[PDB]
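This document starts with one chain, in the form deposited in one PDB entry, laid out as structure tokens.
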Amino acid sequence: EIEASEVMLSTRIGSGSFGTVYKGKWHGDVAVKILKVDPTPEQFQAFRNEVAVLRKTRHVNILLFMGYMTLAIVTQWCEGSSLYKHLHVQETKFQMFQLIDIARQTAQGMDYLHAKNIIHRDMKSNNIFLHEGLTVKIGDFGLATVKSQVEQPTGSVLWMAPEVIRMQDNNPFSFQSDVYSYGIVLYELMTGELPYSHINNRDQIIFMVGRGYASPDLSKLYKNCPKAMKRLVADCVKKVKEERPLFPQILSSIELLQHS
């Protein structure tokens, strides 16, 4: 646990699906998320156990996790813009090989998290940052105790796996559900757009994706997107989760097409 005295909350950045981000100082530049959760005592222990796991993570494509405060979490501050802003706001000029490289580094960070037995639960371009140019940084991974217990979906609809939408079983979260969310990030990279651009109804998206009536339009992938990368997007967003590849195979496929 971090002492609130040493935390110097500076400016407010914004709020997401489970907290409000502030820039701060704690032995250096730090990011602080005031969680929207009065927690139950059973949840507070599950939170402290998750923090012990997330604090030990060490990878170049993963944002550092510092600790908690009293509820709030302290993470590594990133001065770059999120991938969502690069693709959908600023429209940053990206080469095709640069888009593949962003996909590769994101698969490396996800492969590290899964090899450390950590499910992201909320993989999307909003939680990917470009650090000092073209170094991917993944944030907001895990935190199932503070994002949600109640067996109800939480997060952005567009990246949510169909079995996570349905919540038929109490735990629809797996490595494969992260792969679907990663596949939607691939769709963002290889189209420059969000999925379901013809559907402007959030509840319609939840229902049709849950029933399998709606899937990302793969005809909108860039024409110069390689066939192997096109197949990778289709494999990651398979409706049946048992047909999706895992990140060891995803990373190898990217490394194969990258070295041509």
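By rigid core we mean the largest C-alpha set that fits within 1.5 Å across both forms. Numbers follow the displayed sequence, beginning with 1.
The form deposited in another entry exists for this protein as well; it is not shown, and the discussion that follows is about that form.
Asks: Can a Cα shift of no less than 2 Å be assigned to residue 241 between this form and the one not shown, given superposition on the rigid core?
Replies: Shift of 2 Å or more: no.
Asks: Does the distance between the two CA positions of residue 215 reach 2 Å or more between this form and the one not shown, the core being superposed?
Replies: It does not, since the residue 215 C-alpha is displaced less than 2 Å between this form and the one not shown after the core fit.
Asks: When the two forms are laid on each other by their rigid core, does residue 231 show a Cα shift of 2 Å or more between this form and the one not shown?
Replies: Not so; residue 231 is displaced by less than 2 Å.
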